[PDB]
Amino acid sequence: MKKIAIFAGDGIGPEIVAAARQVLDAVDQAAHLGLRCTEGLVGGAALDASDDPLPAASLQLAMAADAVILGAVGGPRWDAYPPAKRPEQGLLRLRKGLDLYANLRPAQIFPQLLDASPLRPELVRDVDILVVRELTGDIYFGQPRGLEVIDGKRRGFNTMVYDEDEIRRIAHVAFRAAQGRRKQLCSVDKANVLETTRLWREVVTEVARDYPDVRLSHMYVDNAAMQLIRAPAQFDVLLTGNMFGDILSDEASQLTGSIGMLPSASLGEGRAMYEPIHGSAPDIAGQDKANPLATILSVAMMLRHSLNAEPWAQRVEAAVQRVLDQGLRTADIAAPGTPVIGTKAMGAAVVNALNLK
């Protein structure tokens, strides 16, 4: 029996999770996984009920689970709150608390959604990239950090740090991912300015000896920002830190064109959290407009990386393709004047497209 902790969150979080839960419950019944799901509050929903973005109870729930599903966190409703109590702090505490250091963000375009891409057609025709971003270390969690007043002058500071063990584990994930893809890994750094990232380059080069079958390349983060646009098809697996991964992942996501179709996995030792990478989009919250396909595709990642159900992870991914083939579109992926369906209907549509006996 597998325990799944659910943290819908803020904005469109609740509705996109409900839609994806339809699909999840469907696969569970068909496959007989015997999953037990529990719901906990996170982000702004948690602040509203407990004045804390990740209550202790919510944290223990996640710790006690095998897989974690999160909808979204964030919204201007909580700006009046202190920085340490902001909605995304709960997300950061989940990642850090569960030590989910391997963030996997696959970037590819659905053939029926190619026109949504900002780049010229011929460039992004075959963009299939996997950003493997380190999630629990770096400047994000480095100490010391903070704001201070030195001689009447405000000074802000943050510490970027990584030790050889943190770099080695994320590298193994990226190298193993490359082997199961096109055998190409690009480690991104700023080794000629930032010493932390030079150690990053050195340790990845050492681990590269363990994967003679993969072609390793190093690239500076600024140059990588140009290459993603200039020739995206050159990338297979892109490895980088927390900070650089945050930026380059969003860049990779935009060039696919449809952010509401992009899933993600955050893996650690014996745990994992799955969430869409599109945010809480507050302005459409509760309007049944949100695209749940990214959350649904994240469930497919969970079936694969956490529930030992590859055949079913594929069937979920196939149903999503099927829904698109049959012309079903949510507002974000539909052309002007073209028919559009809501969050609820899109969920029930994938369940049907599952062609369950």
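All residue numbers refer to positions in the sequence shown, first residue = 1.
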Q. With respect to the recorded C-alpha B factors, which stretch has the higher mean value, 144 to 152 or 168 to 176?
A. 144 to 152
Q) Mean CA B-factor: is it higher for 235 to 243 or for 248 to 256? A) 248 to 256
Q: Just grab whichever of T196, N158, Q287, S266 has the top CA B-factor as deposited.
A: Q287
**Q.** C-alpha B-factor winner, where the candidates are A191, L98, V127, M226
**A.** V127
Q. Lowest, middle or highest third: where is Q184 by C-alpha B factor in its chain?
A. middle
Q) Relative to the other modelled residues in the chain, which third contains the C-alpha temperature factor of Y211: lowest, middle or highest? A) middle
Q. In terms of the chain's CA B-factor thirds, is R93 lowest, middle or highest?
A. lowest
Q) Based on the entry's values, in what third of the chain does the Cα temperature factor of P282 lie: lowest, middle or highest? A) highest
Q: Could you tell me which third, lowest, middle or highest, the C-alpha B-factor of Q321 occupies within its chain?
A: middle
